[PDB]
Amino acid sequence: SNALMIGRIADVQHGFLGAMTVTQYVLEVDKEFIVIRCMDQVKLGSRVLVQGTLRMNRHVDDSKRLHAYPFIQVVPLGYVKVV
């Protein structure tokens, strides 16, 4: 379950997920988007090459449909590279 994409940085979030900070990006491909999660510099509008683990992260909504809230996980072998 490895992913690799290239696109423009559309949005940047500095957030929290249980006693740990996290930086997230909205990556605009071609036109679609996917969230990048990280547990010369990466800026707003940066055209970047991203590689990491693709998580589907399916959740139930309170029918009770089951939708996907997918994102790319990034850690030594995961990276976000400006280009």
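Position 1 is the first residue in the sequence shown; the rest follow in order.
The entry models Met39 and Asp40 with a gap of 10 or more deposited residues left without coordinates. According to the entry, the deposited sequence has 1 to 3 residues without coordinates between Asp62 and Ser63. Out of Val12, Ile72, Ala19, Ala68, it is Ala19 whose C-alpha atom has the highest B-factor in the PDB entry. Among the modelled residues of its chain, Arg58 has a C-alpha B-factor that falls in the middle third according to the deposited record. Ranked by C-alpha B-factor against the other modelled residues of its chain, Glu28 falls in the lowest third.
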